[PDB]
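Structural features, examined
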Amino acid sequence: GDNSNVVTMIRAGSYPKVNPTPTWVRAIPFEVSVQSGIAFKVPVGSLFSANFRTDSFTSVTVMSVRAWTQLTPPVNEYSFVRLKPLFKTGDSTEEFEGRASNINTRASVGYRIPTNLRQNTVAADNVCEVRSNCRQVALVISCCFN
Amino acid sequence: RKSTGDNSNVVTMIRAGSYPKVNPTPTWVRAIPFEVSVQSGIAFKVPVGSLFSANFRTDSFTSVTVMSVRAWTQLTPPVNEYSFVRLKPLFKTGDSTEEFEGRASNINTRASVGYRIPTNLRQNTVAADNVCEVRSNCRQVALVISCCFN
Amino acid sequence: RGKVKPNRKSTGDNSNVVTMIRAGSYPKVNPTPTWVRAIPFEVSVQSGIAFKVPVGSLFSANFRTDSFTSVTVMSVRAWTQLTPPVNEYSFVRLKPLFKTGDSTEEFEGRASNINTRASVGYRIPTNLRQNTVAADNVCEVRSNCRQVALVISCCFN
Amino acid sequence: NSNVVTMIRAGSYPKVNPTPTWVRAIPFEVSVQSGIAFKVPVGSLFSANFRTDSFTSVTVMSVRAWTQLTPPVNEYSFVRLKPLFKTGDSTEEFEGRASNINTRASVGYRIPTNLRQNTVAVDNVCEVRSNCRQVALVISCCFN
Amino acid sequence: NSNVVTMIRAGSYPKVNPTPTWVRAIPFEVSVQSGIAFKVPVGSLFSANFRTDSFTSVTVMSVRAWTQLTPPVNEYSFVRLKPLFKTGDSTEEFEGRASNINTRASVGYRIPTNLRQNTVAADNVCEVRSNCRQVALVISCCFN
Amino acid sequence: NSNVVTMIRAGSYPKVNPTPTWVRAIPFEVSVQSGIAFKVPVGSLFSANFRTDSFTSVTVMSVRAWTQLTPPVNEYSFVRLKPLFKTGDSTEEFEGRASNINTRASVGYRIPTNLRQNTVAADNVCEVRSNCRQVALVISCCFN
Amino acid sequence: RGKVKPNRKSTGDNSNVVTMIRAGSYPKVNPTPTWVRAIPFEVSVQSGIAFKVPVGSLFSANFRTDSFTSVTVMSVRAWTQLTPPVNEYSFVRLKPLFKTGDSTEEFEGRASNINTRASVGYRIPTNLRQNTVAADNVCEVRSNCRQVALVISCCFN
RNA sequence: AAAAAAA
RNA sequence: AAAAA
RNA sequence: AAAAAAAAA
RNA sequence: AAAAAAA
RNA sequence: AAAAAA
RNA sequence: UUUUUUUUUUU
RNA sequence: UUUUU
RNA sequence: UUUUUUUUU
RNA sequence: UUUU
RNA sequence: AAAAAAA
RNA sequence: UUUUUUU
RNA sequence: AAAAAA
RNA sequence: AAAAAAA
RNA sequence: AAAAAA
Ligand SMILES: [Cl-]
Ligand SMILES: [Cl-]
Ligand SMILES: [Mg+2]
Ligand SMILES: [Mg+2]
């Protein structure tokens, strides 16, 4: 073990259980385009792509969403970003907002989904609404692909 | 061995007794964020009515017990200057003459400052009242007020 | 024992004169040994295309590593060397490359301040630490900045 | 101990392998000239004189050298070893000199775990330099 | 341990140095005439055969010397070393003799910390005296 | 404590020294051209602006350097230091770069005790290289 | 006590400047002191005859012991400096000599290898450690080799 | 368990 | 001391 | 994981 | 124990 | 466990 | 790395 | 856990 | 400690 | 938490 | 080293 | 570390 | 117990 | 505890 | 509690 320098025999037993398409817990980074004064609905379909090795999945259980302002804010302003979680059983009305204390620095915020509200979502569904004075917002979402 | 049980999967029955004491419109401790417009060299009185709003779920209240006030500069300062902000607490029994000032050591960084109201001065304030005066070289200031709505 | 040949080594660890070394048989020597190094050099990237970092950049007279023809890379760290495009924050991606098979990871770091560099690195496992000659590549660098700084921890042999 | 045969209560047919591996130290000689390096081939390890004519690959761990013949007149024996690798040859020259003219010169080097891959007969182990006409080599390897 | 690449959460750019120092033990030989001292030049340390040709100065810490060739007939090998300094040469003759005619003669001297300054190629390390025509040197020094 | 003068029962006359040594941390700036090294003169330490114009020699212990002006457009500030010695200049380029374009770049090097000798005004401390036109220096040294 | 004259002796054992020494009365001095030494020199012997080693060989500019006229010998060690005759192994004999009375011992060492030196020594007791001038002899050396190396441990005064 | 905050 | 995986 | 093989350098 | 994952 | 050394 | 209130099983 | 004195 | 044979949880 |  | 276990 | 049956 | 020295 | 004061 | 510094 860890000191061997050649191949060694494994005394395997019966054929085991198998699963060629298991689950995967991931953190998916991507960006969205946002306009001023309007809220953008983040689609779940942005997670199922070949760029994330997840084009083979058709459902996902989201756990937490984190957002950063990807582009600079308007002139004389500080960056901010808001998040309103969305659920098929009932959308929420929260506005988890974080503002940058430096014009040159991003504005970050996030929210964690409780265990009772951690069901599956499909590409047609939406995660949350994003609001910002910046034009582009980078998102990092922790979730469990299944 | 047999004593593992706090994860329920089905509905359980609640053996309730007499009718309890209820209150459909209780109090609420909050941290209300909002912004105000500020002019150069001119002090702006922050109205308490800014706290009662549907944008804060507080439009149903008519009075509030303010505990502490914090302020951040919301826009950039003038050219060559660092951001600053001042606060002067106001009270219906007698306004204060303190100017708690917090400046910015970085021109690109907000200027922050705040004050805490003592227990002896934590009374209700209606919308017509004012919380404090705000002075800043920036044209807009952001506030976060820890208050108890009732 | 015996008596003295006066080499005045005062208090052992504090002599001010040359002292005789009682040498013995000729030892094992190596005029060209190995050298574990952290080599700082810059590579240039275009906005939207990848750039393969040649291993030959490590061997140079600017690094004293000019007598080597092979090197074992341990870990690669990257920093954006130039400012990002307007309105944008800095970012840098690293995709490890190996002769036995290129990888597909994109270890990315993004600067939260437009004036600050974006940094990210990756460590090569022990089972993949073989030699790489000048004709080989280390990794693929992507960035919105025109130049990326690299500090490669490696062993020259 | 015993004096007669005993019964073994065997069970299922175990995992077998008619051609296993073998960790060895292979002693063989090479011819070296003055001022020129000799690339020791890995094919020298595979031979019927070492019970390794059935192996096609091997994993070298450490290499040791000894001057097999007397040095030139007025000189002391020395021997150099430059490790060679398919992913990239080295430039080290691990050298050992003899302090007595009538005594061998000994030197050796160890291959790290990260460089211990298989080498076929076409490959080379190391370059051997010596002022002596022959060098004795004892190579600790793992035949597979 | 790990079998794949792992991310390194790097931070700010660190302090770098592409041309660092190097502590070495340089082996080289010199020719020695009978009854004559040879001033070992410092420039012998700077060479592409030692990977040190990129340096221009070096801090010598200790010097060791062996006889590289056989002594004259009926004699035992000997070797002497006289430390040389730009601020003032010494007059010590650290001598070492062999107890077997077939064996080398070895001797050395350590430089005190107060006398460990830089030396350039034009400078000399020490004077060497021997009945043998060549002397093997191993100098522990600090390239900078 | 005491509120008035108190007598000092002095004895014999003591050993005096009107011109003693002084350990300092001298701050001064130098101009640096792009792509060119600047030999920092030792004489910059001897000045009435540092109270050290009464000295003629100084023992440098450590050297630290910051970028005093802003870098060129789109670049991050950097600074290099090459230690210089009369007994032999070095080839190290202790470089430090900034991670923020608006922030200085800092780097330094410590001189070993064996290389801590006196230097006069004509001598040079180190070579400095930077993309900025000025470099702020703080040199820990011993005036004597 | 009082206040300071600033001699910056950093951490006591690590000052980088000259520091004042508070000297007092003039001490006891000796411009020509003693010197305990181990003097290496060679003497030549013939096969079958003895050779008296003069004490004057110790005083020389080659040993820095040129200003001395007397010396106290403590111990004598000998080594054959040249090869032995053919078929023979090396041997060396030492017979101590003293002014108060020569001795008759023959402390002999023989080399078990024809290529190796033959070594032997003798220590002089404290009751016999007086001074010997250049006109005196140390010991008688016998050997089959033509030259014998001597390392004499002594005190020069 | 859920609402200021704190290095 | 009882149940239902 | 019995022997053969580098060594805690 | 290795890799992916939250402060 | 690199390269130097009471 | 340390709290005020809406309900809230259990020691 | 779930259902029972 | 490692490579192959045998023991024992 | 997913694997044999 | 021989019978019925070896936990 | 269980033990009990003829050389 | 030689010759130098917080 | 500060200053003046005896060995 | 001055001025320098793993
Ligand atoms: Cl011949
Ligand atoms: Cl069940
Ligand atoms: Mg950048
Ligand atoms: Mg002899």
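Residues numbered from 1 in each chain as written, not as in the entry; some residues may be left out. Chains lettered and ligands numbered in written order. Part of a larger assembly, values for the part shown. Heavy atoms only, no water. Residues with missing side-chain atoms left out of burial classes, pairs and counts.

In the PDB archive, X-ray crystallography is given as the structure determination method for this entry, at a resolution of 3.20 Å.

**A look at the overall build of chain A**
Scanning chain A for helices and strands turns up zero helices and eight strands. In sequence order, the secondary structure elements of chain A are arranged as β-β-β-β-β-β-β-β. Projecting the C-alpha coordinates of chain A onto the three principal axes gives extents of approximately 70 × 40 × 25 Å. A fraction of 77% describes how many contacts in chain A between residues 6 or more apart in sequence connect residues 24 or more apart. Here chain A carries 15 positive and 10 negative side-chain charges, and the mean point of each set is 5 Å from the other. (Helix = DSSP H or I, 4+ residues; strand = E, 2+ residues; numbered from the N terminus. Contact = heavy atoms within 4.5 Å. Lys, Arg positive; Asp, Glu negative; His and termini not counted. Charge placed at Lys NZ, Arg CZ, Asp CG, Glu CD.)

**Observations concerning the coordination of the magnesium ion (ligand 3)**
When a metal carries six donors in an octahedron, the ideal angles between them are 90 or 180 degrees, while four donors in a tetrahedron ideally lie at 109.5 degrees. All names here are of chain C. Protein coordination at the magnesium ion (ligand 3): the donors are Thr80 (OG1) and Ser90 (OG), at 2.3 to 2.4 Å from the metal. Highlighted residues: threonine 80 in strand β5 (residues 71-80) and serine 90 in the loop between β5 and β6 (91-96), separated in sequence by ten residues. Since its relative accessible area comes to 0%, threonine 80 is described here as buried. The class for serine 90 is buried, based on a relative accessible area of 0%. (Donors = N, O, S within 2.8 Å, 3.2 Å for Na, K, Ca; no water. Buried < 20%, exposed > 50% of the residue type's maximum accessible area, 1.4 Å probe, protein only.)

**Side note on the sheet that holds strand β1 (residues 6-8) of chain E**
Think of a sheet as strands paired side by side through backbone hydrogen bonds, with each pair either parallel or antiparallel. The strand order across the open sheet formed by five strands is β3(C)-β10(C)-β5(C)-β8(C)-β1(E), and the pairing between neighbours is antiparallel. The sheet terminates laterally at β3 (35-44) of chain C together with β1 of chain E, the two strands that pair on one side only. Shown here is a sheet whose adjacent strand axes are inclined to one another by a mean of 25 degrees, direction ignored. Here three bridges tie strand β8 (residues 119-123) of chain C to β1 of chain E, and the two strands are oriented antiparallel to one another. Paired with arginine 123 of chain C across the strands is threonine 6 of chain E, a residue of β1 of chain E. (Pairing = 2+ DSSP bridges. Axes fitted to C-alpha atoms, helices over the stretch in contact; angles between N-to-C directions.)

**Topic: the side chain of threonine 65 of chain B**
Residues and elements named next belong to chain B. Along the polypeptide, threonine 65 turns up in strand β3 (residues 64-73). Judged by its relative accessible area of 15%, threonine 65 falls in the buried class. Polar side-chain contacts of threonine 65 include one of 3.1 Å to the side chain of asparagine 124. (Polar contact = N/O pair within 3.5 Å; in protein donor to acceptor, adjacent residues only side chain to side chain.)

**Notes on the packing of aromatic side chains**
Scanning the model with the defined rule gives 26 aromatic pairs over all chains in all. Here the aromatic rings of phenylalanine 55 of chain E and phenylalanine 143 of chain E are separated by 5.3 Å at their centres, their planes lie at 40 degrees, and the arrangement is tilted. Of this pair, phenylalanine 55 of chain E sits in the loop between β3 (38-41) and β4 (58-67) while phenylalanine 143 of chain E sits in strand β10 (residues 134-143), placing them 88 residues apart in sequence. By relative accessible area, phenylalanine 55 of chain E is classed as buried at 3%. Residues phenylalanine 59 of chain G and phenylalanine 156 of chain G carry aromatic rings whose centres are separated by 5.8 Å and whose planes lie at 80 degrees to one another, so their mutual orientation is edge-to-face. Taken together, the residues span a long stretch of sequence, with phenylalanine 59 of chain G in the loop between β2 (51-54) and β3 (71-80) and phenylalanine 156 of chain G in strand β8 (residues 147-156) at a distance of 97 residues. (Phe/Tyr/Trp six-rings, centres within 6.5 Å; stacked < 30°, edge-to-face > 60°.)

**Side note on the side chain of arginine 24 of chain E**
With respect to the helices, strands and loops of the structure, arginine 24 of chain E is situated in strand β2 (residues 22-31). Of the side chains bearing the opposite charge, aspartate 53 of chain E lies closest to the buried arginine 24 of chain E, which forms no salt bridge; the N-O distance is 8.5 Å. Polar side-chain contacts of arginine 24 of chain E include one of 2.5 Å to the backbone oxygen of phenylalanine 50 of chain E. When neighbours within four sequence positions are excluded, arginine 24 of chain E is seen to be in contact with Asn30, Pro31, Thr32 and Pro33 of chain C together with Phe50, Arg51, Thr52, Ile139, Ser140, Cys141 and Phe143 of chain E. (Salt bridge = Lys/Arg side-chain N within 4 Å of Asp/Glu carboxyl O.)

**Looking at unusual backbone geometry**
All names here are of chain F. In the Ramachandran plot, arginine 51 falls in the positive-phi region, its phi being about 65 degrees despite a non-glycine side chain. Here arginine 51 is to be found in the loop between β2 (38-41) and β3 (58-67). Of note, the phi angle at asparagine 74 is positive, near 75 degrees, even though the residue is not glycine.

**Here we look at the arrangement of the chains**
Taken together, the eleven pairs of chains in contact show their highest number of contacts between chains C and E. A gap remains between chain B and chain E, with no contact made and the closest C-alpha atoms lying 20 Å from each other. No part of chain B reaches chain F; the closest C-alpha pair between them is 11 Å apart.

**A short note on the protein's contact with RNA strand J**
Every residue lining RNA strand J is accounted for by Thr8 of chain A together with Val23, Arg24, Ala25, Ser62, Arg64 and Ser140 of chain D. Restricting attention to atoms of RNA strand J within 4 Å of the protein, one finds that 93% of them are sugar or phosphate atoms. The separation between a sugar or linking oxygen of RNA strand J and a polar side-chain atom of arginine 64 of chain D is 2.4 Å. Measuring from a sugar or linking oxygen of RNA strand J, one finds a side-chain N or O atom of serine 140 of chain D at 3.0 Å. Of all the secondary-structure elements, those providing two or more residues to the surface near RNA strand J are β1 (22-31) and β3 (58-67) of chain D. (Near = heavy atom within 4 Å.)

**Digging into the sheet that holds strand β7 (residues 137-143) of chain G**
Residue and element names in this part refer to chain G. The sheet built from four strands is open, its strands ordered β2-β7-β4-β5 with antiparallel pairing. Looking at the sheet topology across the chains shown, the edges are occupied by β2 and β5 (107-110). Mean inter-strand twist for the sheet, computed between neighbouring axes without regard to direction, equals 25 degrees. Pairing between β2 and β7: three bridges, direction antiparallel. Following the sheet pairing, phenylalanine 51 is matched in β7 by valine 141.

**Focus on the interface of chain C and chain E**
Listed by partner, the interface residues are 47 residues for chain C and 50 residues for chain E. Counting the surface lost from both chain C and chain E, the interface buries some 4000 Å², and carbon and sulfur atoms represent 60% of this. When the buried area of chain C at its contact with chain E is split by residue, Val18, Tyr26 and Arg64 of chain C rank highest and sum to 20% of it. Run the count over chain C and chain E and you get zero salt bridges. Viewed at the interface, chain E and chain C are joined by 23 residue pairs in polar contact. Of all the elements in the fold, those that place two or more residues in the side of chain C that touches chain E are β1 (19-21), β3, β5, β8 and β10 (147-156) of chain C. Tallying contributions element by element places β8 of chain C first for the side of chain C that touches chain E, with five residues. Residues of the side of chain C that touches chain E, tallied by class, amount to 23 nonpolar, 17 polar and seven charged. (Buried area = accessible area lost by both parts, 1.4 Å probe. Nonpolar A, V, L, I, M, F, W, Y, C, P; charged D, E, K, R; others polar.)

**Things to note about the pattern of salt bridges**
Residue and element names in this part refer to chain D. Scanning all chains against the criterion turns up 43 salt bridges over all chains. Note that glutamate 127 and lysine 82 form a salt bridge whose closest N and O atoms lie 3.3 Å from each other. Highlighted residues: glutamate 127 in strand β7 (residues 124-130) and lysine 82 in strand β4 (residues 78-83), separated in sequence by 45 residues. The class of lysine 82 is buried, set by a relative accessible area of 16%. Residue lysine 86 pairs with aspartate 123 through a salt bridge whose shortest N-O separation is 3.3 Å. With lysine 86 in the loop between β4 and β5 (94-97) and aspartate 123 in the loop between β6 (106-110) and β7, this pair connects stretches of sequence that are 37 residues apart. The class for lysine 86 is exposed, based on a relative accessible area of 58%.

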